[PDB]
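Note sheet for the following structure.
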Ligand SMILES: *[C@@H]1O[C@H](CO)[C@@H](O[C@@H]2O[C@H](CO)[C@@H](O)[C@H](O)[C@H]2NC(C)=O)[C@H](O)[C@H]1NC(C)=O
Ligand SMILES: *[C@@H]1O[C@H](CO)[C@@H](O)[C@H](O)[C@H]1NC(C)=O
Ligand SMILES: [Ca+2]
Ligand SMILES: [Ca+2]
């Protein structure tokens, strides 16, 4: 999940969420790396497995890392590597950035 | 035998409008010779309400006991304790509870995150996120609504408060709601009601919708005139 | 089973606040049914006609002299239904009043309106009662449709469109501007049934007030 | 009919509408459009209640302080009714005049020595006393 825009507008920090669901049994390990270098364990808070009420037999959790506004604005990259036995290579990655999105347009009209 | 006594949080006080105390008793063998008793700090007795639940797979019984005292006595700082007697236990167990005092109040912030773009391409479901953060103490109540009617509790899951690594004395929590993809594409509206003691009015509300999100087009138009000095 | 002859809401300030007192045949007693949601409080308030239910809670009994006995049936009522007569009740049996607590209910003050400053009524400044205080209504949006709704409620006849030439004979107000941006489309029955901004929020001044002159 | 009005400011004459166009047929490829219409005055001065103020040649339009809600709403919780704050963000400058509002001023009038200050009407017509 890309950080909230209003949180950045008020200029304190940013919130990055790593939402992982749909794994069984309850065995998951998430980490946070920046530019190929893993970050300290004191940088993110890790949740705990807990069953999904809708589909029985499925667990899910998440991890959040707070970043400085200037660090987020400078263009640094972040990723949420995950590990699960059921995965083919036991490693899957999702990556977002500031540029992550869809290109917009500006149809400006000036009536002198 | 394990006995858990949970205090009544302000979240329960806000809705139930009644302060009740529960002493959960687990791993119980003989339920015909048990006594859930509640006493004050001096030794006075309080009328209890013991209810015996159904059986358990592990051949254990659960004891649920409510004691009701209105908030004027409880918020003053008086201490309570729970006692569970059993004919198999030579000594009754003593578990005390009370509310802490001396914590500052910080106003929490509410953040609503629209579903991910890569999730709606599967035509299966969506996930909306209500984020509450930077609040003290660690008490929070979150409830989802649609068209003014409460949703079914299962449609959403709320977690317990967790500490914030970057700021001592502050916590945060989350809430997740699951809805169909066609419902979100139709244009329905949702609401996240958050209640905390530190709010100016004790209740806050935010609303998310598909139309009022991130627009691909920004058709900006500016008209200049030297006679339009007023607008109706 | 007894059928409630009425509710009185005794032991409270006025008759829109207090303890729920169901009228049992002959002597009447207090009721403390479980699951007392706001839906039953709405029907209780509608019994008296005070207005809308705002709050319901059960209070600890600390020497409150609850001499009144308790009832022996439940009153599960959908809230949108009619008087307490038309909602299902359990077939007598035991009581659900385990903890000895009284049931409280808080209705609201009924609505009222008048014209002040005009001769023989049917003319003058508009004052609306809410929270036990009278106040003025802003004129930012006062179409002809919003004029006839007030007139028929007081039985002053159709408005004669007096313009603003004779609207200077009443002057400004001193009370709080309760209503603003009032938009009444249909006849309805009351001004409160229209769409307004909120009670207590405005962007007006006592100089800009509403004056309504009906036929009389 | 196909557009919804979000803000209808009069001081800054700002009006924002949003609309979804069913482009193509895939439900996931519909664009969201935001329209902004601004009318700027070229003859009004810095302070609209003081004719002696200098002319204004700088206009700033913050969209975060325009699409903001600041009125408590009622919420039903099945046991009571409470008032809820819509936003926490809640001296703004009025660029243009408002038709629903009256603008007046004080001016000295001298005649035979005596000076009589009288209320004026800066706006052409606006409202009547
Ligand atoms: C813009 O003009 C108004 C009107 O002159 C200023 O407010 C007035 O200030 C005088 C005293 O200086 C008071 O007697 C008036 O009551 C005020 N007007 C109102 C409507 O209250 C205002 O300060 C001026 N703004 C600036 C930035 O100079
Ligand atoms: C540009 O404006 C025209 C109308 O002048 C409109 O048809 C078109 O959709 C606009 N462009 C975008 C990208 O919205
Ligand atoms: Ca006006
Ligand atoms: Ca207004």
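Using the numbering of Swiss-Prot, the residues shown for chain D are 25-114, 120-158, in order.
Recorded method is electron microscopy, 3.6 Å.
Just so you know, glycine gets a Cβ as well, placed from its N, Cα and C.
Positions annotated as disulfide bond by Swiss-Prot, on the basis of experimental evidence: D:35-D:123, D:94-D:114, D:131-D:156. Annotated N-linked glycosylation site per Swiss-Prot: D:71, in sequence order.
A map of Swiss-Prot features onto the structure.
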residue: D:35; record: disulfide bond; contacts (Cβ under 8 Å, 6+ apart): D:121, D:122, D:123, D:124, D:125, D:127
residue: D:71; record: N-linked glycosylation site; contacts (Cβ under 8 Å, 6+ apart): D:77
residue: D:94; record: disulfide bond; contacts (Cβ under 8 Å, 6+ apart): D:110, D:111, D:114
residue: D:131; record: disulfide bond; contacts (Cβ under 8 Å, 6+ apart): D:150, D:152, D:155, D:156
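In this structure, D:114 is the one among the disulfide-bonded residues D:114, D:123, D:156 with the smallest number of other Cβ atoms inside 10 Å of its Cβ. For ligand 2, none of the recorded positions lies close by, meaning a CB under 6 A from one of its atoms; the full candidate list was D:71, D:94, D:114, D:123, D:131.
Using a CB-CB cutoff of under 8 Å against chain B, none of the disulfide-bonded residues from D:114, D:131, D:156 qualifies. Among the recorded positions listed (D:35, D:71, D:114, D:123, D:131, D:156), D:71 have a CB atom closer than 6 Å to some atom of ligand 1, in sequence order.
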